[PDB]
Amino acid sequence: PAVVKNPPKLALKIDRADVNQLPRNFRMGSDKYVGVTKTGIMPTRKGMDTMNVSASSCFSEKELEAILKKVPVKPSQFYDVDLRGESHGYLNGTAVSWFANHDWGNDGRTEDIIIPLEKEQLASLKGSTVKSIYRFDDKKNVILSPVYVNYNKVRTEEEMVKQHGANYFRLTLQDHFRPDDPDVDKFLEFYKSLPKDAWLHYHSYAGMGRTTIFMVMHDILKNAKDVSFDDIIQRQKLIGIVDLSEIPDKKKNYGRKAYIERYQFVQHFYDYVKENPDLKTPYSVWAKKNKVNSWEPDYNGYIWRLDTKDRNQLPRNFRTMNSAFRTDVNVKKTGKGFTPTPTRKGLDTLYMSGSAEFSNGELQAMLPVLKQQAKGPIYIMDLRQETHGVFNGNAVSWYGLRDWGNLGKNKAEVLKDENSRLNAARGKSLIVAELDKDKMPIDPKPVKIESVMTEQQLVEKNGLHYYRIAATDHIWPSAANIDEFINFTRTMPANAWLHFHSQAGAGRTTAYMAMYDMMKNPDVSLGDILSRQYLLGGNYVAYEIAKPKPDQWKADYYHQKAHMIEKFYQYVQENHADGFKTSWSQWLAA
């Protein structure tokens, strides 16, 4: 085949043709040494034969079958450790993946974007039984002219491996680099939970870099006590293909840094296992204390943000389902299904409103409006995961990078963090600043904090009910968070009026409003729901960035929203009839 001159940015290509054989770079930990060391002296073989470990390149289905046959365990004892962060899967037995330059198809992405993205990519191939798929040169890592692949099955690696009765574990590691600390932590917690008779097979794309790092880690976990670091590095080269201590002349600038980085990593992991033979202190914790940690963003709050100043007027982005459509329509901020003239059916009895966060003054202005229109009890639905409250009548929040001050916290932890920080602020003189477009404070000055309430205290004091869902800013509400809302709707009083707010009354607020609208009016089209929620003053839930630039970190998260809001529409179509007896989480998991 011929090299493809201008390949797409992301090309679906063949990883492994389906052939009855052991795959590329296959080795078992008990294999004999091949080749020599630079000194001519062989490293001790101590501990090698009882490691119960093998490794290789990625594999087709027939190559997996050859692996399973060869290893001296049953499938039930076999764990496929899939180190590939790049999106991949199977068409029948043929292994395919989505390739970008340097094999960085999922460059920068976290596991929780990569896993569902990969399923979607693969899902897009179902409903066809033949496809032109690029070939690939492993020597130069470049796209070659395509062949047609026939198939009637599309599977993730997990599905294929489990259908063979084996076990599966995924780490989404970028090609060319060491695992970051949290992925080391994740591996170790998996490792510690293994049955003693477990057989581990590590693989990446080529069974070279990422694979050898983990073969070295494995050897260290079994043998660091009795075997030197240097011997481990050498012996994993002798039975394999890569010497992690080799920084060759041909590697320069960036590539050279990465070879250096991953060599240093295995040195630090060796030291960690040596000092912590019980594996009690997590690697990330040990590494931080010893200043050899990988870098991670810190999302913790570091400033009191002024969300909204105490003012006698309706809060920003306020609307009810009786409101007028907006006149400032921007089609470029809409998306799939958008119409300027959606049906208003059901809106007169939906009893729903939304807005940005509210100061005391803004709550006072909302009160008569909502009571004017409400036919039953009024609930303020606070959708904010981030810690917030009221200082001197002003709405404030504890702002961290990306507004992810409470990322990873459950509801109980959120409320505990919230109460604690608000209390601690009482009577202090603190910076409370509005943030500009760059999230930098504007004219920051200390101000004396005289009064401090939670929003709940404020809301209940004014005769309304309160409910909190801790939804993370910028992202599609989690399954748990959506289930919490559905459960809420099942028991809420009839004629209840729901007022949703988040920080800006945009992303999270419009998402929940659209989900509730759908639930109550399943006969209205997805596009009409999204369109009217937009027209009434929300954003468009299915917005996607046309041509994402590198600094546009929200791109994947908008895409996830666009995708998941459609799914949720389907969920409603299928479960509204019997009152949603089946949950969103259970439905997803089927």
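From 1 onward, residues are counted along the sequence shown.
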Taking the recorded C-alpha temperature factors, which stretch has the higher mean, 442 to 450 or 95 to 103?
442 to 450
In the PDB record, does 497 to 505 or 215 to 223 carry the higher mean Cα temperature factor?
497 to 505
One of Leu383, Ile239, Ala424, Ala356 has the largest Cα B-factor in the entry, namely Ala424
Among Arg170, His474, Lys131, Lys280, where is the Cα temperature factor highest, going by the PDB entry?
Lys280
Among the modelled residues of its chain, does the C-alpha B-factor of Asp15 lie in the lowest, middle or highest third?
lowest
Within this chain's modelled residues, let me know which third the CA B factor of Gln533 belongs to: lowest, middle or highest.
lowest
Mind checking which third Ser30 falls in for C-alpha B-factor across the chain?
middle
Can you tell me which third, lowest, middle or highest, the CA B-factor of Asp523 falls into for its chain?
highest
Modelled-residue ranking by C-alpha temperature factor, third containing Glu65:
middle
